[PDB]
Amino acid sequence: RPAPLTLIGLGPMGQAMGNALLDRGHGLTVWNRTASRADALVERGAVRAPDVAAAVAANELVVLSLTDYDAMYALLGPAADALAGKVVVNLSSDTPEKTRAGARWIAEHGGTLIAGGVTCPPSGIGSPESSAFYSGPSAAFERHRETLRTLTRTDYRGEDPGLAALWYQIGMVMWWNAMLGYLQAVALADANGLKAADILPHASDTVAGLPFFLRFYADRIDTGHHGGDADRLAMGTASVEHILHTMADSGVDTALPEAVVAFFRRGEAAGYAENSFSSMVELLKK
């Protein structure tokens, strides 16, 4: 049942990915720019391909966990011709356009690229609650969907490889902003005698109440309802200025809070003070 596969890219994610596959009983062949990284997996039952050309040729499925799509060209460029009949599932982050450019390159060499965006940390590889967006030619994705179901759940977003990257970037823009806000909160807390452990209960309660506002503002934004019934930008403009000045009074970097105040200053200049802060989506759109 568990089909063989080549995994190139053995960082935090691909290492855990190879673990989850060998665990299920898959035929793992691992290659990496840093060949030292392919050693614990190789000791657990994986074959070190001596070259990327041999890696690409060992199996039909080539899974990629690299920092970006440029890393793919740099690793598979030496073996470009060996990509014929091969299916490259790139679980690497990049722009939809750069994701499609990768697909085109694999396509010039007789292979098909399936894009992928894992929405889980390395600890989540092998966990059923973990999911990944996938996009690109259906047949190639479908004939490997079950080996990919070993890593995460499969959410097909379309035939355009760019869609999986677009959906990953949609969730990551919220993830990174919230996590930079955590780092900002931890820094304000350290400047005030507190630890991340002291502010963790509140932080978690704060981010878990977020889905309410996500729903509250979804339909309202999709209809142009930016009424000040639950909030006025003017009140929130004061709120973000309070974060900036509280941070400044406590000696904490003000670059990120000053950039947030600037966005609210643009909303005030657009006449949105009596409207919901949601109105500022019209400054981000188009």
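Start at 1 with the first residue shown and count on from there.
When the C-alpha B-factors of 25-33 and 216-224 are averaged, 25-33 comes out higher. As the entry records it, the average C-alpha temperature factor is higher for 107-115, out of 107-115 and 206-214. Out of 78, 193, 124, 136, the entry records its largest CA B-factor for 136. Between the residues 256, 252, 235, 55, the entry's highest C-alpha temperature factor is the one at 55. Remark: residue 269 belongs to the middle third of its chain, ranked by C-alpha B-factor as recorded. In the deposited entry, the Cα temperature factor of residue 247 places it in the middle third of its chain's modelled residues. Annotation for residue 174: C-alpha temperature factor in the lowest third relative to the rest of the modelled chain, per the entry. Residue 155 sits in the lowest third of its chain by CA B factor, as recorded in the PDB entry. Remark: residue 83 belongs to the highest third of its chain, ranked by C-alpha B-factor as recorded.
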